[PDB]
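Read on for two forms of one protein chain; each stands alone as structure tokens, with the labels structure 1 and structure 2.
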Structure 1
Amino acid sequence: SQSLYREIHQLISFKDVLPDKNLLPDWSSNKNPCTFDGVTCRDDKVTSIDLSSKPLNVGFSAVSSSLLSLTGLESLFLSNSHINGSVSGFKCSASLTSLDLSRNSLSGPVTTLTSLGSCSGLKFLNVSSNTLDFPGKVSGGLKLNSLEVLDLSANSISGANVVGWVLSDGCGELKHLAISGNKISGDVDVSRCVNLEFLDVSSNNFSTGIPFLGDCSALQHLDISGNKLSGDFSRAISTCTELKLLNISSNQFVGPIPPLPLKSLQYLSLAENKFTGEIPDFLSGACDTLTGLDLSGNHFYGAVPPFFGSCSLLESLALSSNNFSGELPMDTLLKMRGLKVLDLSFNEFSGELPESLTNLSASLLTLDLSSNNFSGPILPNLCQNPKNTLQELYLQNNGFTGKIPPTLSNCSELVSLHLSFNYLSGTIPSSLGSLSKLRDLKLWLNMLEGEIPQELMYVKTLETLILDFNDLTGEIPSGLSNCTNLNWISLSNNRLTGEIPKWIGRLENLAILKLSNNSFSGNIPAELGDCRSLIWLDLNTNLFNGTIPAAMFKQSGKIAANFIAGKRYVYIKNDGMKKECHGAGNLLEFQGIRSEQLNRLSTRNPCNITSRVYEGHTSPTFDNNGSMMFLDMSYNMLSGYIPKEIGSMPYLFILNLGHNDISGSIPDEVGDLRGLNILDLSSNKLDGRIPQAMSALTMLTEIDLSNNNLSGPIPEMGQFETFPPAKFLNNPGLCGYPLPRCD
């Protein structure tokens, strides 16, 4: 057959235009393509090709001429294959059914896809996650009316009535339409698409009309979430009898929960809206089929109605961030056999934990009661039932008292324990080290005393250890060296003593290290510069002495921070008003806690919290090849001179070496820190002239060189003219504006 001779030559030609050789090493001439990797054959004839997740790095023109023209080819999967360029006219095999070009660098107007109409048998098309757009006026049509499945999601499409453009030539055969994650706005009319089952217009710019669904005869999945929609969606979906999933979350809908089609409903999300009232009784109509419910981020109140006990298929119930009050409805919750996730966080649920809660320790994967008015002791009988399935236990930001039950070790599947922000006293039970799967241990802001258990070394999966603001004494356990997956360690505000161990450098995943307000002594380890992930170091208010090692900045430029991202935090800026407040600012973990309860720190901290709070999710300014972003060693007994290597950290935002015994002169390399915002070298024995090179710093919003032996003229260029005289005071030999003219 000529087609067989043609098949092999086209495949090999495609291999040869690949910039990277050896990418398809088993592809070779004078061999049967059915033996090639990525190829699928039926009766010794290629029917499908899959080169997904291979960095092909070639233009679409290569694909179209070599691959899409192959006789008998039924499907082609090139997802995440690093293909760029634009789609354009080409001869397409009439047998081609599915084409996946998702997650690539395809560019140009979305009108380029119309040329795929040369594929007569095309039915499935995935061009999601590319850079396709819609320049200027929207006119004409996509003109692919034979498609059953189309995914234009996560592109750069921006325009009004782009959906109408897609459906202009007809949607009679269309079963699945996803256009999510764009900037499309205007009207959505799928009433002519009588076989439509899946519709996702989420994360767009729709601010006016709700999609018109017509008879809505075949619709099962409807996602309009992540828009600016308001109005009466109830009436719009009222005719949809086959509806299974309804996601209207993150919109501007108001009022009480309206009527919904419940008979086939599996998933329902009303989350992140302006809905009010209490959970109506009529929702019991979904209890036969309802798998998941999310009412979070609204103004709902009252108590969880009793009818929920009839929903035995409900796997997930999220009522977080509302005004639900009363005690824990253990009556209804025990009637739900299939519930694996309970989230009542950020509510006003009050009272002590009922003893029947222990029954859900063998059922629930996630129990989140964080930020509530719960009081009394933590149930010691928690996880009494054998084979406990509990993974996440969030009890933070409550009125819990007493001791941490050592019995919590009986929950062996626990990956996250958050007991922070409570009135818990006693010590940390050493049995917690017996948790082989534990990743996050957060107990901060409690009255916990004693020492940090040495037995924690038996947790090789440990990632975050947050013990801030307790009465913890003793030294850092030598066994923590065995936890190599540690990224976030914060032991600040305790009475901890000893030194930073030399094995600290052996933690290659360590990103944040905060030891402030302790009695830590000794010298700063040179092995701190063996940490490849460290971007945040806060050692302020300790007994550290000796000279700053130059080697600690050795990884500068090599730093890689990845796993640290995505974690919720508060950063409380230091108000320079009060002398009792130390450090540049307080970085603290803040998952599942209200900023409104930050006043609980008032008794434990001298700093004023008023208008100095920054809240977000950890977001490094780089991925690989970065540097330390934060460095604070202020209020210590550090001596010697600042090493010139200090200026090797271009991503450093803040540098506070204030209140030390550091001598010498400010190195000229400080002027190479081009990302620097704050620079506090005040209250030291620094002498000499301020290096003119510091005039190159364009990002400084704050500086303090006061209380030093600095002399000579202040640099006249740069940002020095911006800063007030107060920042240079108590420097006898220092002159020039903002100070008086030199003599």
Structure 2
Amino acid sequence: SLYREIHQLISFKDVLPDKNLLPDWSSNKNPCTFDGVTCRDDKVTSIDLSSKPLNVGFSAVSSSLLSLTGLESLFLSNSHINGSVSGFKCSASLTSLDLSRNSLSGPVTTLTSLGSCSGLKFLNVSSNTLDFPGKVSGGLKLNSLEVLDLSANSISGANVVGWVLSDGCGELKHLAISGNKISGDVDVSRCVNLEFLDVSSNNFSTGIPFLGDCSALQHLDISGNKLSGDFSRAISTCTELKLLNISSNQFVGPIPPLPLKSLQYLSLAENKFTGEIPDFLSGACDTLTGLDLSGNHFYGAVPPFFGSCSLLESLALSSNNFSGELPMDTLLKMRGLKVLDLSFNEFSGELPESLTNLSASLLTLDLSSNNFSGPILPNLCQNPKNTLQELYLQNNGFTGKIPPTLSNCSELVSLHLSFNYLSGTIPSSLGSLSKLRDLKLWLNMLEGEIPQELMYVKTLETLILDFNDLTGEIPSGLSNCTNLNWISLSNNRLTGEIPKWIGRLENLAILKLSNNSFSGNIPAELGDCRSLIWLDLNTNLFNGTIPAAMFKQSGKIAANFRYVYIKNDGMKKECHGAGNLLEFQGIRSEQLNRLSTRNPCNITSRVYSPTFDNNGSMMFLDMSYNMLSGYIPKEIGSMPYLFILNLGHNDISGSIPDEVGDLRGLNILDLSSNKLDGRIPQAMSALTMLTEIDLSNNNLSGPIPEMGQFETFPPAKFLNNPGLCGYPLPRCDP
């Protein structure tokens, strides 16, 4: 017996490709001492080899492990098991089998073989590649199961649920098959003990699941399909219902009657429900902990009855047309509230003083994209121990100043005050927000300098201050913020140079400094930013030459890195640069016209990516409209991910490096308005991704390369080059 146990386990170990995996599994040694093994009274009862790259087929598993007498559970989640299940001798003692997150493949009918495990009651085969080929007939025939998870497979087809349940489901308590492409009907009316049903993210577009008496159902998730019928009538017999998730479908009309007496979580998000919030929902106030109505067509006010929902932790009403003043009278009674999301509505008026009390309970306050006005509450975080982590007030009409008292929201992780009409300075006291990761204040009328005090915020990742009236230089304090990964200061009136300490921000992925008055040379230390993929310096007063060293990472960039990209059309003179990459969270695109008084560019063309290992490269480089000079370092050509390169409008001379032809990712290439001479390198015919080029206003000569993409570009892209010829230009005179 021990003999048999140890021979089975060691035989399993020996079939493993990796010889480091079960280092302590050893023959002539008791398995009860092995890692991965659970024993009771010196007998093996469970094996857990999850998250270990075994790289063997199911046949090895069923041969060795599943035949172990007395084995009660086997956990092999994320263990690189492949192959298919099939017939094997299986212990009567085995009650749970977890094969999730593997590479099991073949028709789901293979699972019928697990019927040989007479004791099997729990089965997880989620996140594999099981499918259902053609004719959906017969049955799964595992009607002893209490729990079955077939989620995230490759099951495509109609009435697969009927197939799962055809042979009986009187024992079933938990059915999940989410994340497939199943369609048709769901009939669980004979599953009288079913407590959990998840058919979400599938291809259901016809009937609502038929639940029958719905006598044990507590959790119902049909979200992420295309359903439109009468779910209300479907769930009306479900008196045990705690979670109802019908989000991301195609339901319409007003919120219908619902079974409210046991309800904890309700989501109707992402449908087309209309009307006001009806007062009958009040019946769930004894139990309701989470409510989500986001992304519908609701309107009107927030009903006073919400005052009695004392257990409500989360109220999400974003993206509707709710209106009126902040219903503080009601919000104050919601003892339990931690998340309040009213963003993307039409709430208006000023912030009430009572709101300050909420700083004491909420973790998240989201009022972004409404019609609020007036000052931001000076006293907001006045309470002894405020919990507030996220404060989103962006895209409103707030006036006045940023209250220094926000330094008292001690747990603040994210502060978004962008797209308002705030004036005054950036309070130095935000320096004492020791956990702050995101500071976003762009598109306001902020003045003064960038607080040196930010140097106290070690956690800082995001500093977005575009479109203000900020002056002075980049404070050396920012050098201490080594987790900065996104710095954006475009469209201020800043001065001075890029500090060389810039080099020691190994996480900086985006540096946008356009339309200021920065000067001096480009620091070669820029090449020491191990994360830099987006460098925008257009429209400044930079000078000197381009440092080859700034490219010395093209390189071992580990990985890649919520925004809007607004492309410059090329029909406006006063509009400079390839285009603006701007932070765009909780902001309506409709309000982008608010830039009209700051930005000479049109705003019509709004846009919202590769994968790296250690191959990653700079993706975006724009240094146009400066006073640069010298020669383009041929290292310029070392960036296979560079899809944009704008060096237009400088005083760059010498010839175009042939290495430019190595930039296989290049879509845009602007080198117009410079002192460039010599021949356009033939190598540039290798580029096949170009959508725009400009080499006009240089001193280029010789023929335009006959191959590549040149012929597809108009004469304009080549004008003002005396000795240049060849189509699209006039034929060269040999």
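FYI, numbering is relative to structure 1, first residue = 1. In this text, rigid core is short for the largest set of C-alphas that superpose within 1.5 Å between two forms.
- Task: Tell me, with the core superposed, which single residue in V46, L710, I703, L697 has its C-alpha moved by at least 2 Å between the two structures.
- Result: Per the superposition, the moving residue is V46.
- Query: Aligning on the rigid core, do we see the C-alpha of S556 shift 2 angstroms or more between the two structures?
  - Reply: False for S556: its C-alpha shift is below 2 Å.
- Item | Large Cα shift (2 Å or above) at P25 between the two structures, core-fitted | Superposed on the core, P25 moves its C-alpha 2 Å or more between the two structures.
- Query: Any CA movement of 2 Å or more for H82 between the two structures, core superposed?
  - Reply: Shift at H82: 2 Å or more after core fit.
- Task: Could the core-superposed CA displacement of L367 between the two structures be given in angstrom, to one decimal?
- Result: Looking at the C-alpha of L367 between the two structures, the offset is 0.5 Å.
- Task: Could the core-superposed CA displacement of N624 between the two structures be given in angstrom, to one decimal?
- Result: Residue shift at the C-alpha: 4.1 Å.
- Task: Any chance you could measure the C-alpha shift of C119 between the two structures with the core superposed, in Å?
- Result: Taking the core as reference, the C-alpha of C119 is shifted 2.5 Å.
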